[PDB]
Amino acid sequence: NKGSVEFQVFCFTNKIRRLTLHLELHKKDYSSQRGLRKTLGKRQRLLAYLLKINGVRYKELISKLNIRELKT
RNA sequence: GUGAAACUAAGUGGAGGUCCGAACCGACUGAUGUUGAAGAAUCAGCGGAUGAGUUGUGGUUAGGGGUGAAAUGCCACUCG
Ligand SMILES: [Mg+2]
Ligand SMILES: [Mg+2]
Ligand SMILES: [Mg+2]
Ligand SMILES: [Mg+2]
Ligand SMILES: [Mg+2]
Ligand SMILES: [Mg+2]
Ligand SMILES: [Mg+2]
Ligand SMILES: [Mg+2]
Ligand SMILES: [Mg+2]
Ligand SMILES: [Mg+2]
């Protein structure tokens, strides 16, 4: 598949969502928790890049994926 | 607010052997009375007052016993 910016966020959005349901049961899996914050951080720096390059794509991507916008 | 929670601000809600305070139930202090109006009361304040609350009617437990949030206290002005 492609490697566009919005596509990487879509895969992380599923990779993140897939692990939340896992931690509801295996909450003591702290090694996976260290991996969960990576994908949460990788998308943070990509969306941080998408923001200052084009705000139109930002408002459209966050709207369909139901993403919380950051203050400041 | 967070990945989701923890946490956190308002509003709604009206909890409590909660607060003040009448009835009601109690009886802490003092005065008066003390051949008393009264064989424990009057007067002025005092405590609890949605509770372990108060009360009526109809019943239960009877003495080498009964009952007792236990004083040897109560059991028809009578109770080691
Ligand atoms: Mg009260
Ligand atoms: Mg009161
Ligand atoms: Mg009494
Ligand atoms: Mg009085
Ligand atoms: Mg009173
Ligand atoms: Mg008072
Ligand atoms: Mg009180
Ligand atoms: Mg008899
Ligand atoms: Mg006899
Ligand atoms: Mg008597």
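The numbering scheme counts residues from 1 along every chain following its written sequence, independent of the entry's numbering, with residues that lack coordinates not shown. Chains and ligands are labelled sequentially in the order written, the chains with letters from A and the ligands with numbers from 1. Note that the displayed chains come from a larger assembly and that each value is computed for the displayed part only. To obtain the side-chain values, all non-hydrogen atoms of the structure were included, while hydrogens and water were left out.

Its PDB header names cryo-EM as the technique used to obtain the model and reports a resolution of 3 Å.

**Student:** It is not clear to me how the protein's contact with RNA strand B should be interpreted in this structure. Could you clarify?
**Tutor:** Any residue with a heavy atom lying within 4 Å of a molecule or strand is counted as near it. Taken together, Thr20, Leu23, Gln33, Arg37, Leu40, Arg68 and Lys71 make up the full set of residues adjacent to RNA strand B. With respect to RNA strand B, the side chain of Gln33 contributes an N or O atom lying 3.1 Å from a base oxygen. Pairs of N or O atoms within 3.5 Å make up the polar contacts considered here, provided that, within protein, one atom can donate a hydrogen while the other can accept it, and that residues adjacent in sequence are counted only when both atoms are side-chain atoms. Here a phosphate oxygen of RNA strand B sits 3.4 Å away from a polar atom, N or O, in the side chain of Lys71. In this description a helix means any DSSP run of H or I spanning at least four residues, a strand means any run of E spanning at least two, and both kinds are numbered starting from the N terminus. Those elements giving two or more residues to the surface near RNA strand B turn out to be α1 (5–23) and α2 (30–53). Top element by residues in the surface near RNA strand B is α2. It accounts for 3 residues. Residues were grouped as follows: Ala, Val, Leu, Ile, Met, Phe, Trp, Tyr, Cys and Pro as nonpolar; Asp, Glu, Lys and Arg as charged; and all remaining residues, including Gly, as polar. A class-by-class count of the residues in the surface near RNA strand B yields 2 nonpolar, 2 polar and 3 charged.

**Student:** Before we go on, may I ask you to explain α2 in this structure?
**Tutor:** An α-helical turn contains 3.6 residues, so any two residues separated by three or four positions project in the same direction. Along its 24 residues, α2 runs 35 Å from first to last C-alpha, staying within 8% of the 34 Å computed at 1.5 Å per residue. Only protein chains enter the accessibility calculation, which uses a 1.4 Å probe; a residue is then buried when its area is under 20% of its type maximum, exposed when over 50%, and partly exposed in between. Turning to α2, its buried residues are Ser32, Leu36, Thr39, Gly41, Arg43, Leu47 and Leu50. Residue contacts are counted whenever heavy atoms from the two residues lie within 4.5 Å of one another. In the core, the buried residues of α2 are packed alongside α1 and α3 (55–65). Every helix has an expected span of 1.5 Å times one less than the residues it contains.

**Student:** Whenever I open this one, the packing of α1 against α2 confuses me. Can you help?
**Tutor:** Geometrically, a packed helix pair is captured by the angle between its two axes and the distance between the axes. Inter-axis angles, ranging from 0 to 180 degrees, are taken between N-to-C directions of lines fitted to C-alpha atoms, where helices are fitted over the stretch in contact. It is at 10 Å that the axes of α1 and α2 come closest, and there the two elements cross at 155°. Relative to α2, the element α1 lies roughly antiparallel. Note on packing geometry: the crossing formed by α1 with α2 is left-handed. Seen from α1, the contacting residues are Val5, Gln8, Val9, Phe12, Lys15, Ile16, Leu19 and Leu23; seen from α2, they are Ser32, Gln33, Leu36, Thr39, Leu40, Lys42, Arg43, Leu46, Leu47 and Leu50. For the contact of α1 with α2, the per-class residue count stands at 11 nonpolar, 4 polar and 3 charged. Roughly parallel means an angle under 35 degrees; roughly antiparallel means over 145; roughly perpendicular covers 65 to 115; every other angle is labelled oblique. Take the far helix as your reference; a near helix turned counterclockwise from it by less than a right angle gives a left-handed crossing, and one turned clockwise gives a right-handed crossing.

**Student:** Sorry if this is basic, but what is going on with α1 here?
**Tutor:** Compared with the 27 Å implied by 1.5 Å per residue over 19 residues, the 27 Å span of α1 between its first and last C-alpha is a close match. Turning to α1, its buried residues are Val9, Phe12, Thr13, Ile16 and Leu23. The buried side chains of α1 occupy one side of the element, clustering within an arc of 110° when seen end-on. Contact partners of the buried residues in α1: α2 and α3. It is the directions from the helix axis to the C-beta atoms that the arc portrays.

**Student:** Got a minute to help me understand the nonpolar core in this structure?
**Tutor:** Generally speaking, a soluble globular protein has its nonpolar side chains buried in company with each other. Buried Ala, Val, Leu, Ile, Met, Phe, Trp, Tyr and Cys residues form a nonpolar core when they are joined through side-chain atoms within 4.5 Å. If you look at the biggest cluster of nonpolar residues, it comprises 8 residues: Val9, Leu47, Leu50, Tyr58, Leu61, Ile62, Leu65 and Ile67. Considering each element in turn, this core owes the most residues, 4 residues, to α3. Residues contacting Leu65, with those up to four places away along its chain left out, are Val9, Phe10 and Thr13.

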